[PDB]
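Chains as they are written, first to last, in my numbering: chain A, 1 to 5; chain B, 1001 to 1005; chain C, 2001 to 2005; chain D, 3001 to 3005; chain E, 4001 to 4120; chain F, 5001 to 5122; chain G, 6001 to 6122; chain H, 7001 to 7123.
Here is the structure:
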């Protein structure tokens, strides 16, 4: 959601 | 999920 | 949470 | 829940 | 693999195709036997999972509208596929209803479903 | 006005979606605005014939966290409703599941909530 | 400063809590501010030795929706963290489970989120 | 409440002992791992002390903050669920585990899951 998610 | 959902 | 919950 | 939780 | 016909603990049927591009496409039937309870589903899955014994992450959505019924709601299942002798899809889900602002605090139900390819 | 458009949250993410006549949602989720390496496919569904009394339009979508550069072996589903008016919003709750071993499956899933608008934060 | 005190959300609810030295939370949750018929016991736990780097203090509490006047055969648990600073906040996610038959258990639990502050809404 | 009061087991190896008081209180101890006193934590919660008699379950919830005299995981779990009633003694729950985090990591502060507990230890 943030970064790699 | 059940019935109409 | 609201009302009776 | 498991371990330290 | 993920492609196939799956059944949850309550008897609902999930027919899915896992595409090479990470797509999930199919139909979800809330009650066995009637076309009136069949809905479109679309989702995504990890097409290159870890090779260390971990499950394969996936998710999909069903909006509860078809040519017969409209429940003004949608469910998303988030989970992982676990391969083996008794392959399983373990999920948690969120069912959000369209509400007015006064009722938005109680718009969403949460639950969990486990699917297998074994017909009840 | 409508679901179709470019949406932002207050944590630096954005998504671009198209709401098709058949109830489909298709688009892209960019976890860090302006960083093209953080773009992932988004697919979902929405209620194409919602109620008329001011009730929101139910919807949901999924992003599997794999693109051609990065794979976090996980997927997030957002479940929510689109609300119209002067400043349209999409209010959601989400579940982020990671692929794990059976021993670690109890802690495989994060839960949270996000609200999106079409206005980019200043 | 601290968890002990009177808290409010933006949907007209309030609660009074004491965070005991032993990690206990005790208090009363009032569903509708100024309506004494909407007061219920709250009990929970919190981390009495949290991290010092600005991380929140983990906590949780339960209210069973039965008092001397009303019984909604249900209970909500709030799980979250207390964050200090100029305007302290308690950020939570909650689960509201109702007593149901096994056939209706799939729809027994609502999920949501609430943020509380000590500032009474105007 | 004789139904809820007792020792409960989950399939994951955790156990808890609880007393359901006449005033709606749940008090007890949660043990995350078998025979390890360093894995024992205080549990407190509430339950509906006058449930429906129509075959519905009894609503309940409890919290465990993951601090004891030996360990501190700076986190707390709340279980929300119902005591099923009927021949098999079972409590079905969903839970939220929130960790204390900085603002930057608050978006990923909470895990969600589900646990089922029985008075007869699973095989």
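Don't be surprised by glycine CBs; every beta carbon is placed ideally from N, CA and C.
query	result
Any chance the stretch 6069-6087 of chain G sits against the stretch 5085-5094 of chain F, with 3 or more Cβ pairs inside 8 Å?	no
For residue 5120 of chain F, count neighbouring Cβ atoms within 10 angstroms of its own Cβ and tell me buried if that reaches 16, exposed if not.	exposed
Please decide whether residue 6083 of chain G counts as near chain F, where near means a Cβ-Cβ distance under 8 Å.	no
Relative to the alpha-carbon of residue 5103 of chain F, which residue among E:4101, E:4055, E:4044 and E:4036 has its alpha-carbon at the smallest distance?	E:4055
In whole angstroms, what is the alpha-carbon distance linking residue 7048 of chain H and residue 7061 of chain H?	9 Å
Decide yes or no for the touch test of the stretch 5018-5026 of chain F against the stretch 5036-5044 of chain F: beta carbon pairs closer than 8 Å, at least 3 of them.	yes
Provide the residue(s) that pair with residue 6113 of chain G in DSSP beta bridges, ordered along the chain.	G:6093
On a CA-only basis, which of F:5073, F:5078, F:5114 and F:5087 is nearest residue 4956 of chain F? Give me that one, please.	Absent from the structure is residue 4956 of chain F, since the part of chain F shown begins at 5001 and ends at 5122.
By the criterion of Cβ-Cβ separation under 9 Å, what are the contact partners of residue 4046 of chain E in chain F?	5064, 5065, 5066, 5071, 5072, 5073, 5074, 5075 and 5099
To test your reading of the DSSP string, which unbroken beta strand (DSSP E) runs of 3 or more residues are found completely within the stretch 5014-5067 of chain F?	5014-5019, 5024-5030, 5039-5046 and 5057-5066
In the DSSP assignment, the beta strand (DSSP E) including residue 5005 of chain F goes from what residue to what residue?	5005-5008
Please check if any C-beta of chain F sits within less than 8 Å of the C-beta of residue 7079 of chain H.	no
How big is the Cα-Cα spacing for residue 4036 of chain E and residue 1001 of chain B?	13 Å
Could you compute how far the alpha carbon of residue 6019 of chain G sits from the alpha carbon of residue 7005 of chain H?	26 Å
Look at the alpha carbon of residue 7010 of chain H and the alpha carbon of residue 5107 of chain F, and state the distance between them as a whole number of angstroms.	15 Å
If you draw a straight line from the alpha carbon of residue 5029 of chain F to that of residue 5035 of chain F, how long is it in whole angstroms?	11 Å
Counting only C-beta atoms, is residue 6059 of chain G closer than 8 Å to chain C at any point?	no
Looking at residue 6040 of chain G: is its Cβ nearer than 8 Å to the Cβ of residue 6063 of chain G?	yes
Say whether chain H places a C-beta atom closer than 8 Å to the C-beta of residue 6050 of chain G.	yes
Got a sec: which bits of the stretch 7024-7039 of chain H sit with their beta carbon under 9 Å from any beta carbon on chain D, in order along the chain?	7030, 7032, 7033 and 7039
Got a sec: is the Cβ-Cβ distance from residue 7097 of chain H to anything in chain D below 8 Å?	yes
Output yes if chain G places a C-beta closer than 8 Å to the C-beta of residue 5093 of chain F; else output no.	yes
How close, in whole Å, do the beta carbons of residue 6118 of chain G and residue 6088 of chain G come, if the pair is a contact with beta carbons under 8 Å?	6 Å
With DSSP as the reference, identify every bridge partner of residue 5002 of chain F, one or two as the case may be.	Answer is none; residue 5002 of chain F lacks a bridge partner.
Any beta carbon from chain H within less than 8 Å of residue 5002 of chain F's own beta carbon?	no
If the cut is a Cβ gap below 8 Å, which residues of chain F does residue 7012 of chain H touch?	5106
Pick from H:7054, H:7059, H:7001 and H:7007: whose alpha carbon is nearest that of residue 7034 of chain H?	H:7007
Just confirm the distance between the C-beta atoms of residue 3998 of chain E and residue 4113 of chain E, as a whole number of angstroms; I'd bet it's less than 8 Å.	This structure cannot settle anything about residue 3998 of chain E, because the visible part of chain E is limited to 4001 through 4120.
Find out if the Cβ-Cβ distance for the pair residue 6011 of chain G, residue 4108 of chain E is shorter than 8 Å.	no
Could you tell me the alpha carbon to alpha carbon distance between residue 6068 of chain G and residue 7032 of chain H, rounded to whole angstroms?	35 Å
Indicate the three-state DSSP secondary structure (helix, strand or coil) for residue 2004 of chain C in the structure shown.	coil
Quick check: is the beta carbon of residue 6117 of chain G nearer than 8 Å to any beta carbon in chain H?	no
Cutting at 8 Å between CB atoms, please list the residues of its own chain near residue 4049 of chain E, excluding the five before and the five after it.	4055, 4056 and 4057
Measuring CA to CA, which of G:6090, G:6101 and G:6070 is closest to residue 6001 of chain G?	G:6090
Going by other Cβ atoms of all chains shown within 10 Å of its Cβ, with 16 needed for buried, is residue 6076 of chain G buried or exposed?	buried
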